[PDB]
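Take a look at the structure set out below.
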Amino acid sequence: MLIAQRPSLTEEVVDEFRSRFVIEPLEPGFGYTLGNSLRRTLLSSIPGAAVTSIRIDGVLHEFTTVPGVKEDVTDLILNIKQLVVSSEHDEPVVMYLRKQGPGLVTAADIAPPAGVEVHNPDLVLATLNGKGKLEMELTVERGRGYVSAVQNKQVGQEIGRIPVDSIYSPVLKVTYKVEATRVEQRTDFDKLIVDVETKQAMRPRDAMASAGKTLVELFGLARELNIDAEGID
Amino acid sequence: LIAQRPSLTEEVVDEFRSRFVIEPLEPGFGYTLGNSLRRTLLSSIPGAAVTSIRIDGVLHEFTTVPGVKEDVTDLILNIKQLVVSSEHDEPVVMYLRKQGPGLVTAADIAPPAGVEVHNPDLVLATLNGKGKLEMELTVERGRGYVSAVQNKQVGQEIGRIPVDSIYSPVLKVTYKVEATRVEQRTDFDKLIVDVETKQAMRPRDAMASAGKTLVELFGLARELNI
Amino acid sequence: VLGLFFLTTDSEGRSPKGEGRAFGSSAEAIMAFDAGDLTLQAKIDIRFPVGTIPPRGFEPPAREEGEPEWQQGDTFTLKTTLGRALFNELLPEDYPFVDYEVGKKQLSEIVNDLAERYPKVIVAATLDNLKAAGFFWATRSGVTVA
Amino acid sequence: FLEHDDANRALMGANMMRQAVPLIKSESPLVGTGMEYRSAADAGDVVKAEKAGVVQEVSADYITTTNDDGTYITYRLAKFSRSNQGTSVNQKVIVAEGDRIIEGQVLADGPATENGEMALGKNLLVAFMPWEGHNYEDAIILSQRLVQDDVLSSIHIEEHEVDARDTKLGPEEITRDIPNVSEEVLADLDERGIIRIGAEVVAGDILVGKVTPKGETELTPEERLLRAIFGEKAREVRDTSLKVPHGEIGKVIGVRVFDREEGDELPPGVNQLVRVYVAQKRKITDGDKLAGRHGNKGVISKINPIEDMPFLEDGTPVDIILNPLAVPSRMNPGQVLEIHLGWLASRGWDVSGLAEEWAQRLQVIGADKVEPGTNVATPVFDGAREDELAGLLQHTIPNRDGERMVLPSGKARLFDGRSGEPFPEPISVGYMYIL
Amino acid sequence: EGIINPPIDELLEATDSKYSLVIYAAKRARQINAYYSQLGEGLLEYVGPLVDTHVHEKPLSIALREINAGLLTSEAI
């Protein structure tokens, strides 16, 4: 009844943010269950914070141009959503960015409010020609998973404000592949290899620890039905 | 942003089928959760099933027992779908004896203390007035399906004949998802899993064992990190 | 090949929901596809990190700037479909981006060019990646007969 | 649906149907011609009554009948006797104890038969899709249920014999005292050197022990020294026993012996001849060839567990996955029609007062109210028109919860077994007769 | 850990031909194979594996590893 060989999660690091996780020989047919549940929970269930709206001075929602900046508004939207923010206010919070003169405006030069931290100051947001004139305020809100952009009537409240897509999940992707391994003359053992790509804010192994605890709680909710024993170790 | 933990509620639609709902799940979570639950529910559930038998005057499953219109192979087929529950971790022997004309049935089988047959209405064979059926059955406990090739361990006992056995007592599992009434863009989905199982066990403890296996696996995964 | 053709196809293959949006990275777009708002067959603007060689026809065009720029080897946005991004990231990072439907003839073309310009090991790895992706997206293609 | 198939594929299917092996349990086709009954009955394998009487004794070995005149006739049913090709010819029994018989009625099936109807295979729930490349280039994927439930399993009886001939040097002897052997090899042998009945064998196992009379033995120097060290006497008698050919397994079921000195007659020289029946229950496995009626054949490439199968909305896994790429190129769309009609036969239908053209045709034909599971007959060139199939699919009996699983188009929602998420679009499902 | 583990391009440009590479790697494989089977004579002319080797190995794999490393040289008579 007991599993012939107990699994054991192991780690293989190729970069400070990219990592690989292997499960040793596992019971036959259990690779896909664990692999796909882990992928989805890791991509979605973990919480985080990311921007939700942006406001640019002297610009309308239909007016896609911004004076004083060579770059356009859509690439600016892409760059801001790329930026990672760690927030804990649990309510919408605004962050300001005011800069003039020609040069480059980067995440380093952003001034964050109290209790909100920008993990990556290296990213360049805009390039200025002539007088910069750049004034911008962006809202940050903690969230879970991934939410597409929607209209909250903020454009009606203020014409400059526009929606933007958000990445609440600390992780960027998970690509799990399952292969067969031979144990004690038997080939009916599945090895699961999970490749987690995460942003610089969170270490991937902590993200999988959180995902595993979430899954453990969610499935141990099923223990309430009845106490039963299954062969293990 | 909003934090809501999953909650499970149970409902009975029949004596051996039930529906279980989980409303606050995240978007795109219901299908994966239900599929993992169904996969573990079908493949692995402790159960008992006949792993070998012995017929007097029969040395192999190919020959026939006089007095019964069904050859021995058809008797193996009928026994293979017999459903049992065995509390003894070790193998247990049952005896089936029937004389005279009539319908041999699971009810006729002799259940030892602690081993119970749960489908008495099933009919195994038919005997004539001249017929005589006398069978010993070995009941083991396990999970999944084990073929007769690996169930053979006694060679000198030419009388014994092994039978492949099916242990899992769950018939089929299907899941569905919907949309919750809460007003948000995420649109949390309500997973509902319908499970129907054989007479061996209630569905509730079946999914209890499934959840036990899953929580053990994911707890291993978590604990070995950090 | 059916799967690869499905992976890179134009619109009209389904109701192109979530079309006309720009995604910060291929990974975010995959997130959107998983969420179901985006569909695999839909034109969108996708960024590419540095080192991603651009399409052969993208070399003359580039971004607008008053300073010299070299988009042959740095970031660049592109109006394409997520399926084409997946098809190219099966191909090695040195290969120029392919923005046209593959079918069967063009697949033979790119395979021939790979066999000409790349070492055998990379060719075999690319063939295996193409095989795996083709089987996966042929399963997901949902071709049937009724 | 022969009319919908190409001539080449129809030819291939006709050639393929003459190779389907009988299985442990035979099942008649859900959808087929109406003519299998005539082919089965006119074939000699079925055992039909010659008198119109009442059965008095029904059993596995024999069945007895008593005509009203007074004559008593008992039919002896063959049981697990090797055919020409090496397959069992087991014959089941249908009639009960007290039922009436008419002349020519079928009392016992044969190999590949059920209730007097031809049954060359079982009918499997099939879904058309490529599936991870296992069903590539017409290879077949099927559930572990077929292995588990013995749906596709057949007995195969092999017959090999040896003859204790008389040679110039002396007579060969069939005995348990085989020379230059261990003690455990000749463990299951009988008193005279014959394997017992019911003794599982493997490659190299001794079936019947025979020894050569003698031979001119010139011991080599090394053999001489080794024998002297070990003090073993090499004897002129030399082992020539029969052993199971390499790569074999099976439970012995019968042994026959013919002795020269007995009243039995034999060819000149052979003093004794022994034949042993080794029978094995071959289950479907990877590599074994499988095929349907319409010239669609393929080798099994993988047997996924029951859970890996893409299941339907109610939770019923599909027993076999077949590549859609085959039907358009092979120009045999008849199999798709067969699959749809098999689905319609599995789940009954109710048409009454619909006032539709196809509804009228069914009502006058009489095939209007059909209960679930009953077979359907579509003659070869008078089959069910496509309008009939469509209209019936609109009116399939609700299998559960008052909902029909197959959409009007003939396709259904298939959830991936492994990853779990639904497939993007409906998939064509139904029941196909596979051999 | 595979037949493709030493890629063919480096060996090919080292030997400048493909059949020449086959025969030369085969000669080296025969040499290492007959070395491993010396079982005690210890002939001075024989030379063992120059690169590191596993406890169980094929002579041809080690020969091709030596060719890839480049420390081996050939010279037509």
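Chains: A, B, ... in order of the structure tokens. Residues: from 1 per chain. Ligands: from 1, in order shown.
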
- Counting only C-alpha atoms, which residues from chain D have an atom at most 7 Å from any atom of chain C, and could you show them as a ChimeraX atom specification? /D:128-133,324,336,410,423-425,427-428

Output the selection as an mmCIF file, in the first residue's frame - N, CA, C and O atoms for each residue.
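part_30.cif, written as the output of this step:
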```
data_model
loop_
_atom_site.group_PDB
_atom_site.id
_atom_site.type_symbol
_atom_site.label_atom_id
_atom_site.label_comp_id
_atom_site.auth_asym_id
_atom_site.auth_seq_id
_atom_site.Cartn_x
_atom_site.Cartn_y
_atom_site.Cartn_z
ATOM 1 N N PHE D 128 -12.872 11.487 -31.968
ATOM 2 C CA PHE D 128 -11.926 11.831 -33.024
ATOM 3 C C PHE D 128 -11.139 13.064 -32.597
ATOM 4 O O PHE D 128 -11.709 14.144 -32.428
ATOM 5 N N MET D 129 -9.831 12.896 -32.419
ATOM 6 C CA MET D 129 -8.931 14.006 -32.144
ATOM 7 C C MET D 129 -7.497 13.505 -32.223
ATOM 8 O O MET D 129 -7.240 12.343 -31.888
ATOM 9 N N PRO D 130 -6.536 14.321 -32.648
ATOM 10 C CA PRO D 130 -5.142 13.991 -32.352
ATOM 11 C C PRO D 130 -4.909 14.101 -30.854
ATOM 12 O O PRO D 130 -5.543 14.909 -30.172
ATOM 13 N N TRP D 131 -4.055 13.246 -30.303
ATOM 14 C CA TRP D 131 -3.873 13.246 -28.857
ATOM 15 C C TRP D 131 -2.436 13.070 -28.437
ATOM 16 O O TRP D 131 -1.998 11.946 -28.208
ATOM 17 N N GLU D 132 -1.676 14.159 -28.417
ATOM 18 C CA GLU D 132 -0.298 14.127 -27.936
ATOM 19 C C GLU D 132 0.608 13.279 -28.801
ATOM 20 O O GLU D 132 1.694 12.903 -28.376
ATOM 21 N N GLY D 133 0.178 12.985 -30.019
ATOM 22 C CA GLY D 133 1.012 12.244 -30.944
ATOM 23 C C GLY D 133 1.006 10.750 -30.800
ATOM 24 O O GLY D 133 1.658 10.051 -31.566
ATOM 25 N N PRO D 324 -8.410 12.083 -36.584
ATOM 26 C CA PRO D 324 -9.325 12.597 -37.616
ATOM 27 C C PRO D 324 -8.696 12.703 -38.991
ATOM 28 O O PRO D 324 -9.422 12.702 -39.992
ATOM 29 N N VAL D 336 -17.757 7.712 -39.802
ATOM 30 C CA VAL D 336 -18.340 8.800 -39.021
ATOM 31 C C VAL D 336 -19.848 8.608 -38.888
ATOM 32 O O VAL D 336 -20.428 8.814 -37.811
ATOM 33 N N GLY D 410 -23.698 16.590 -33.815
ATOM 34 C CA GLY D 410 -23.100 15.289 -33.609
ATOM 35 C C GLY D 410 -21.800 15.304 -32.840
ATOM 36 O O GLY D 410 -21.104 14.282 -32.817
ATOM 37 N N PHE D 423 -11.661 21.065 -23.799
ATOM 38 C CA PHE D 423 -11.116 21.330 -25.114
ATOM 39 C C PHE D 423 -11.835 22.535 -25.720
ATOM 40 O O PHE D 423 -13.001 22.786 -25.406
ATOM 41 N N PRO D 424 -11.162 23.302 -26.584
ATOM 42 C CA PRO D 424 -11.750 24.580 -27.020
ATOM 43 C C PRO D 424 -13.096 24.442 -27.706
ATOM 44 O O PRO D 424 -13.947 25.327 -27.553
ATOM 45 N N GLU D 425 -13.320 23.367 -28.447
ATOM 46 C CA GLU D 425 -14.498 23.193 -29.279
ATOM 47 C C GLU D 425 -15.054 21.788 -29.115
ATOM 48 O O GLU D 425 -14.353 20.889 -28.640
ATOM 49 N N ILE D 427 -16.280 17.933 -29.830
ATOM 50 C CA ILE D 427 -15.597 16.827 -30.487
ATOM 51 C C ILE D 427 -16.623 15.764 -30.848
ATOM 52 O O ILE D 427 -17.571 15.522 -30.094
ATOM 53 N N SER D 428 -16.435 15.138 -32.009
ATOM 54 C CA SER D 428 -17.344 14.093 -32.458
ATOM 55 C C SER D 428 -17.122 12.819 -31.654
ATOM 56 O O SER D 428 -16.021 12.263 -31.647
#
```

If you run DSSP on the backbone, which residues of region 31-187 of chain D are alpha helix (DSSP H), as an mmCIF file with N, CA, C and O atoms, in the first residue's frame?
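Now in states-v6.cif:
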```
data_model
loop_
_atom_site.group_PDB
_atom_site.id
_atom_site.type_symbol
_atom_site.label_atom_id
_atom_site.label_comp_id
_atom_site.auth_asym_id
_atom_site.auth_seq_id
_atom_site.Cartn_x
_atom_site.Cartn_y
_atom_site.Cartn_z
ATOM 1 N N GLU D 36 -26.205 -10.151 -40.291
ATOM 2 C CA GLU D 36 -25.278 -10.959 -39.498
ATOM 3 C C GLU D 36 -25.932 -12.225 -38.963
ATOM 4 O O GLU D 36 -25.251 -13.241 -38.791
ATOM 5 N N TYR D 37 -27.235 -12.191 -38.683
ATOM 6 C CA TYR D 37 -27.891 -13.378 -38.147
ATOM 7 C C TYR D 37 -27.858 -14.524 -39.148
ATOM 8 O O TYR D 37 -27.583 -15.671 -38.780
ATOM 9 N N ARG D 38 -28.145 -14.235 -40.418
ATOM 10 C CA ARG D 38 -28.095 -15.274 -41.441
ATOM 11 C C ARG D 38 -26.684 -15.819 -41.606
ATOM 12 O O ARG D 38 -26.492 -17.033 -41.728
ATOM 13 N N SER D 39 -25.682 -14.939 -41.616
ATOM 14 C CA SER D 39 -24.305 -15.398 -41.759
ATOM 15 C C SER D 39 -23.893 -16.280 -40.589
ATOM 16 O O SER D 39 -23.210 -17.294 -40.774
ATOM 17 N N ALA D 40 -24.292 -15.906 -39.374
ATOM 18 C CA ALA D 40 -23.946 -16.702 -38.202
ATOM 19 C C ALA D 40 -24.646 -18.055 -38.230
ATOM 20 O O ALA D 40 -24.006 -19.097 -38.053
ATOM 21 N N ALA D 41 -25.962 -18.060 -38.454
ATOM 22 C CA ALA D 41 -26.708 -19.314 -38.431
ATOM 23 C C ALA D 41 -26.255 -20.252 -39.543
ATOM 24 O O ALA D 41 -26.030 -21.443 -39.301
ATOM 25 N N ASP D 42 -26.109 -19.738 -40.767
ATOM 26 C CA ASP D 42 -25.671 -20.588 -41.868
ATOM 27 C C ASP D 42 -24.257 -21.102 -41.648
ATOM 28 O O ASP D 42 -23.913 -22.187 -42.126
ATOM 29 N N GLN D 144 -7.044 1.979 -20.434
ATOM 30 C CA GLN D 144 -6.680 0.798 -19.667
ATOM 31 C C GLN D 144 -7.904 0.017 -19.215
ATOM 32 O O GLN D 144 -7.750 -1.096 -18.703
ATOM 33 N N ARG D 145 -9.107 0.572 -19.392
ATOM 34 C CA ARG D 145 -10.323 -0.172 -19.084
ATOM 35 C C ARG D 145 -10.408 -1.449 -19.906
ATOM 36 O O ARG D 145 -10.815 -2.499 -19.395
ATOM 37 N N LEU D 146 -10.033 -1.383 -21.184
ATOM 38 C CA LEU D 146 -10.108 -2.567 -22.033
ATOM 39 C C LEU D 146 -9.183 -3.664 -21.522
ATOM 40 O O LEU D 146 -9.537 -4.849 -21.549
ATOM 41 N N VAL D 147 -7.989 -3.294 -21.062
ATOM 42 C CA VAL D 147 -7.119 -4.265 -20.409
ATOM 43 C C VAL D 147 -7.699 -4.677 -19.063
ATOM 44 O O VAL D 147 -7.604 -5.841 -18.659
ATOM 45 N N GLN D 148 -8.302 -3.729 -18.345
ATOM 46 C CA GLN D 148 -8.753 -3.998 -16.984
ATOM 47 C C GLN D 148 -10.007 -4.863 -16.974
ATOM 48 O O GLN D 148 -10.113 -5.808 -16.183
#
```

Return as a compact mmCIF listing (two decimals) with N, CA and C atoms, in the first residue's frame the full set of residues in region 9-220 of chain A whose backbone-based DSSP assignment is strand (DSSP E or B).
```txt
# COMPACT_ATOMS: atom_id res chain seq x y z
N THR A 10 13.27 19.03 -5.19
CA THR A 10 14.65 19.50 -5.25
C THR A 10 14.73 20.68 -6.21
N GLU A 11 15.78 21.48 -6.03
CA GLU A 11 15.92 22.76 -6.71
C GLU A 11 17.14 22.74 -7.63
N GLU A 12 17.03 23.47 -8.74
CA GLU A 12 18.13 23.66 -9.68
C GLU A 12 18.07 25.10 -10.15
N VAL A 13 19.07 25.90 -9.79
CA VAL A 13 19.09 27.33 -10.05
C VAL A 13 19.99 27.61 -11.24
N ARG A 18 15.21 32.92 -12.47
CA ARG A 18 14.79 31.71 -13.15
C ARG A 18 15.27 30.49 -12.37
N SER A 19 14.39 29.50 -12.24
CA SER A 19 14.70 28.32 -11.44
C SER A 19 13.94 27.12 -11.98
N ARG A 20 14.42 25.94 -11.61
CA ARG A 20 13.85 24.67 -12.03
C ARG A 20 13.65 23.80 -10.80
N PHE A 21 12.51 23.10 -10.75
CA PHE A 21 12.14 22.27 -9.61
C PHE A 21 11.76 20.88 -10.10
N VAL A 22 12.40 19.86 -9.53
CA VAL A 22 12.22 18.48 -9.95
C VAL A 22 11.61 17.70 -8.80
N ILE A 23 10.66 16.82 -9.13
CA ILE A 23 10.10 15.86 -8.19
C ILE A 23 10.64 14.48 -8.55
N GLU A 24 11.14 13.76 -7.54
CA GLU A 24 11.75 12.45 -7.77
C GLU A 24 10.66 11.49 -8.24
N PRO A 25 11.01 10.23 -8.59
CA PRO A 25 9.98 9.25 -8.94
C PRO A 25 8.71 9.31 -8.10
N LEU A 26 7.58 9.32 -8.80
CA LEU A 26 6.27 9.56 -8.22
C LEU A 26 5.34 8.44 -8.67
N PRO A 47 -0.69 36.19 -4.00
CA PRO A 47 -1.08 37.60 -4.09
C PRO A 47 0.11 38.51 -4.42
N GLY A 48 -0.22 39.76 -4.70
CA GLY A 48 0.80 40.74 -5.03
C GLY A 48 0.16 42.08 -5.30
N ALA A 49 0.98 43.01 -5.78
CA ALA A 49 0.54 44.37 -6.08
C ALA A 49 1.08 44.81 -7.42
N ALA A 50 0.28 45.61 -8.14
CA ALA A 50 0.69 46.16 -9.42
C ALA A 50 -0.19 47.36 -9.72
N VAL A 51 0.26 48.18 -10.67
CA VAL A 51 -0.48 49.39 -11.01
C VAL A 51 -1.85 49.02 -11.57
N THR A 52 -2.78 49.97 -11.49
CA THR A 52 -4.13 49.79 -11.99
C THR A 52 -4.62 50.94 -12.86
N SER A 53 -4.03 52.13 -12.75
CA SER A 53 -4.40 53.25 -13.60
C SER A 53 -3.23 54.22 -13.66
N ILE A 54 -3.22 55.04 -14.70
CA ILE A 54 -2.18 56.05 -14.90
C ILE A 54 -2.84 57.36 -15.31
N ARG A 55 -2.22 58.46 -14.91
CA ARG A 55 -2.71 59.80 -15.21
C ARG A 55 -1.54 60.64 -15.69
N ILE A 56 -1.68 61.25 -16.87
CA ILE A 56 -0.65 62.08 -17.47
C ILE A 56 -1.18 63.51 -17.58
N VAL A 69 7.65 64.64 -24.70
CA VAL A 69 8.26 63.32 -24.61
C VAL A 69 8.26 62.70 -26.00
N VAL A 85 5.84 46.65 -8.28
CA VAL A 85 5.65 47.41 -7.06
C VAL A 85 5.19 46.46 -5.96
N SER A 86 5.75 46.64 -4.77
CA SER A 86 5.37 45.87 -3.58
C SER A 86 4.58 46.80 -2.66
N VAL A 93 -3.76 53.32 -3.73
CA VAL A 93 -2.76 54.29 -3.31
C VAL A 93 -2.14 54.91 -4.56
N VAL A 94 -1.96 56.23 -4.51
CA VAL A 94 -1.44 57.00 -5.64
C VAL A 94 0.05 57.22 -5.42
N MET A 95 0.80 57.22 -6.52
CA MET A 95 2.23 57.49 -6.51
C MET A 95 2.53 58.53 -7.58
N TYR A 96 3.37 59.50 -7.24
CA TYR A 96 3.61 60.67 -8.08
C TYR A 96 4.96 60.56 -8.79
N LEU A 97 5.08 61.32 -9.88
CA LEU A 97 6.32 61.38 -10.64
C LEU A 97 6.33 62.69 -11.41
N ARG A 98 7.18 63.63 -10.99
CA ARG A 98 7.29 64.95 -11.60
C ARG A 98 8.74 65.17 -11.99
N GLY A 103 16.41 64.58 -20.74
CA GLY A 103 17.11 63.47 -20.12
C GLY A 103 16.27 62.21 -20.18
N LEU A 104 16.50 61.34 -19.20
CA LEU A 104 15.82 60.06 -19.09
C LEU A 104 15.17 59.96 -17.72
N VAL A 105 13.88 59.63 -17.70
CA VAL A 105 13.13 59.43 -16.46
C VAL A 105 13.01 57.93 -16.23
N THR A 106 13.49 57.48 -15.08
CA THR A 106 13.59 56.06 -14.75
C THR A 106 12.86 55.78 -13.45
N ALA A 111 9.53 58.89 -6.91
CA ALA A 111 9.45 59.04 -5.46
C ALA A 111 8.26 58.24 -4.95
N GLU A 117 7.06 50.22 -1.98
CA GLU A 117 8.45 50.11 -2.42
C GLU A 117 8.48 49.63 -3.86
N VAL A 118 9.30 50.28 -4.68
CA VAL A 118 9.55 49.85 -6.05
C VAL A 118 10.85 49.07 -6.06
N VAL A 124 13.99 52.26 -17.36
CA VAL A 124 13.79 53.59 -17.92
C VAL A 124 12.36 53.69 -18.43
N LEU A 125 11.67 54.76 -18.05
CA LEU A 125 10.26 54.93 -18.38
C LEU A 125 10.04 55.83 -19.59
N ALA A 126 10.76 56.94 -19.67
CA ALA A 126 10.54 57.92 -20.72
C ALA A 126 11.85 58.61 -21.07
N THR A 127 11.89 59.17 -22.28
CA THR A 127 13.01 59.97 -22.76
C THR A 127 12.48 61.35 -23.13
N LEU A 128 13.19 62.39 -22.71
CA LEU A 128 12.74 63.77 -22.85
C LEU A 128 13.59 64.50 -23.88
N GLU A 135 4.83 65.28 -15.95
CA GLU A 135 4.17 65.13 -14.66
C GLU A 135 3.16 64.00 -14.78
N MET A 136 3.21 63.06 -13.85
CA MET A 136 2.38 61.86 -13.94
C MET A 136 2.15 61.30 -12.55
N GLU A 137 0.93 60.82 -12.31
CA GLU A 137 0.57 60.13 -11.08
C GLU A 137 -0.11 58.82 -11.44
N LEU A 138 0.28 57.74 -10.76
CA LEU A 138 -0.19 56.40 -11.05
C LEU A 138 -0.68 55.73 -9.77
N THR A 139 -1.79 55.00 -9.88
CA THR A 139 -2.38 54.32 -8.74
C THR A 139 -1.84 52.90 -8.63
N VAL A 140 -1.65 52.44 -7.40
CA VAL A 140 -1.19 51.09 -7.11
C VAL A 140 -2.20 50.45 -6.17
N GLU A 141 -2.49 49.17 -6.40
CA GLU A 141 -3.48 48.46 -5.60
C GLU A 141 -3.07 47.00 -5.49
N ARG A 142 -3.08 46.47 -4.28
CA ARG A 142 -2.79 45.06 -4.09
C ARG A 142 -3.90 44.21 -4.70
N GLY A 143 -3.52 43.05 -5.21
CA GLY A 143 -4.48 42.18 -5.86
C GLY A 143 -4.00 40.75 -5.89
N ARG A 144 -4.77 39.91 -6.57
CA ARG A 144 -4.49 38.48 -6.67
C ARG A 144 -4.64 38.02 -8.11
N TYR A 146 -4.44 37.77 -11.88
CA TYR A 146 -4.26 38.62 -13.05
C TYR A 146 -5.62 39.15 -13.48
N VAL A 147 -5.71 40.46 -13.68
CA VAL A 147 -6.96 41.12 -14.05
C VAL A 147 -6.69 41.99 -15.27
N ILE A 162 -6.55 56.83 -17.29
CA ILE A 162 -6.93 55.74 -18.19
C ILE A 162 -6.62 54.41 -17.53
N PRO A 163 -7.34 53.36 -17.90
CA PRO A 163 -7.08 52.04 -17.32
C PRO A 163 -5.86 51.38 -17.92
N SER A 166 -3.02 44.74 -15.31
CA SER A 166 -2.25 44.56 -14.09
C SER A 166 -1.77 43.13 -13.97
N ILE A 167 -0.59 42.96 -13.37
CA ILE A 167 0.00 41.65 -13.11
C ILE A 167 0.13 41.54 -11.60
N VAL A 171 4.71 35.81 -10.13
CA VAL A 171 5.42 34.96 -11.07
C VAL A 171 5.01 35.30 -12.49
N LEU A 172 5.91 35.03 -13.43
CA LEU A 172 5.70 35.37 -14.83
C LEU A 172 5.18 34.20 -15.65
N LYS A 173 5.61 32.98 -15.34
CA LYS A 173 5.14 31.82 -16.08
C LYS A 173 5.63 30.55 -15.39
N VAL A 174 5.00 29.43 -15.75
CA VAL A 174 5.39 28.12 -15.27
C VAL A 174 5.16 27.12 -16.40
N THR A 175 6.22 26.43 -16.81
CA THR A 175 6.16 25.46 -17.91
C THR A 175 6.60 24.11 -17.38
N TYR A 176 5.64 23.25 -17.05
CA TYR A 176 5.91 21.95 -16.45
C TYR A 176 5.89 20.88 -17.52
N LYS A 177 6.92 20.03 -17.53
CA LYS A 177 7.00 18.87 -18.40
C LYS A 177 7.22 17.63 -17.55
N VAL A 178 6.49 16.57 -17.87
CA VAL A 178 6.53 15.32 -17.12
C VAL A 178 7.15 14.25 -18.00
N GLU A 179 8.14 13.54 -17.46
CA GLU A 179 8.82 12.46 -18.17
C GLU A 179 8.86 11.24 -17.27
N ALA A 180 9.21 10.10 -17.87
CA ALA A 180 9.22 8.82 -17.19
C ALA A 180 10.61 8.51 -16.65
N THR A 181 10.64 7.81 -15.52
CA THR A 181 11.88 7.37 -14.90
C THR A 181 11.74 5.92 -14.48
N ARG A 182 12.87 5.22 -14.45
CA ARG A 182 12.92 3.79 -14.14
C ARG A 182 13.40 3.61 -12.71
N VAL A 183 12.58 2.93 -11.90
CA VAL A 183 12.91 2.64 -10.51
C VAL A 183 12.59 1.18 -10.22
N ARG A 186 11.11 -1.03 -12.73
CA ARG A 186 9.80 -0.61 -13.21
C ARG A 186 9.89 0.79 -13.79
N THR A 187 9.27 0.99 -14.96
CA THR A 187 9.25 2.28 -15.63
C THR A 187 7.99 3.09 -15.33
N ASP A 188 7.12 2.59 -14.46
CA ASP A 188 5.85 3.27 -14.16
C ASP A 188 6.05 4.31 -13.05
N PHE A 189 6.96 5.24 -13.31
CA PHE A 189 7.25 6.34 -12.39
C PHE A 189 7.43 7.61 -13.20
N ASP A 190 6.80 8.69 -12.75
CA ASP A 190 6.77 9.95 -13.48
C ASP A 190 7.60 10.98 -12.73
N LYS A 191 8.49 11.65 -13.45
CA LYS A 191 9.28 12.76 -12.93
C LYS A 191 8.69 14.07 -13.44
N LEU A 192 8.39 14.98 -12.53
CA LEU A 192 7.81 16.28 -12.86
C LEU A 192 8.89 17.35 -12.74
N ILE A 193 9.04 18.15 -13.79
CA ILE A 193 10.02 19.23 -13.84
C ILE A 193 9.25 20.52 -14.06
N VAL A 194 9.29 21.42 -13.08
CA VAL A 194 8.57 22.69 -13.13
C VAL A 194 9.60 23.80 -13.29
N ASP A 195 9.43 24.61 -14.33
CA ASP A 195 10.30 25.74 -14.60
C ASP A 195 9.54 27.03 -14.30
N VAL A 196 9.85 27.64 -13.16
CA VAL A 196 9.16 28.84 -12.69
C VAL A 196 10.00 30.05 -13.04
N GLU A 197 9.39 31.00 -13.74
CA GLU A 197 10.00 32.29 -14.03
C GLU A 197 9.29 33.35 -13.20
N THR A 198 10.05 34.12 -12.44
CA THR A 198 9.52 35.07 -11.48
C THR A 198 10.22 36.41 -11.66
```

- Task: Tell me which protein, DNA and RNA residues are within 10 Å of residue 34 (chain A), counting only C-alpha atoms, leaving out same-chain ones fewer than 2 positions away, and put them as a PyMOL selection string.
- Result: (chain A and resi 23+29-32+36-39+176+192) or (chain B and resi 36+40+214+217-218+221)

Select from chain B every residue with an atom at most 6 Å from any atom of chain D, then for each give the shortest pair of atoms and their distance in Å to one decimal, using only C-alpha atoms, rows by chain and rising number, as JSON lines.
```
{"residue": "B:31", "atom": "CA", "partner": "D:421", "partner_atom": "CA", "distance": 5.4}
{"residue": "B:32", "atom": "CA", "partner": "D:420", "partner_atom": "CA", "distance": 5.3}
{"residue": "B:35", "atom": "CA", "partner": "D:420", "partner_atom": "CA", "distance": 4.8}
{"residue": "B:39", "atom": "CA", "partner": "D:307", "partner_atom": "CA", "distance": 5.6}
{"residue": "B:59", "atom": "CA", "partner": "D:198", "partner_atom": "CA", "distance": 4.8}
{"residue": "B:60", "atom": "CA", "partner": "D:198", "partner_atom": "CA", "distance": 4.8}
{"residue": "B:67", "atom": "CA", "partner": "D:59", "partner_atom": "CA", "distance": 5.7}
{"residue": "B:68", "atom": "CA", "partner": "D:59", "partner_atom": "CA", "distance": 5.5}
{"residue": "B:69", "atom": "CA", "partner": "D:60", "partner_atom": "CA", "distance": 3.9}
{"residue": "B:70", "atom": "CA", "partner": "D:60", "partner_atom": "CA", "distance": 5.8}
{"residue": "B:172", "atom": "CA", "partner": "D:315", "partner_atom": "CA", "distance": 5.7}
{"residue": "B:173", "atom": "CA", "partner": "D:315", "partner_atom": "CA", "distance": 5.3}
{"residue": "B:174", "atom": "CA", "partner": "D:315", "partner_atom": "CA", "distance": 4.5}
```
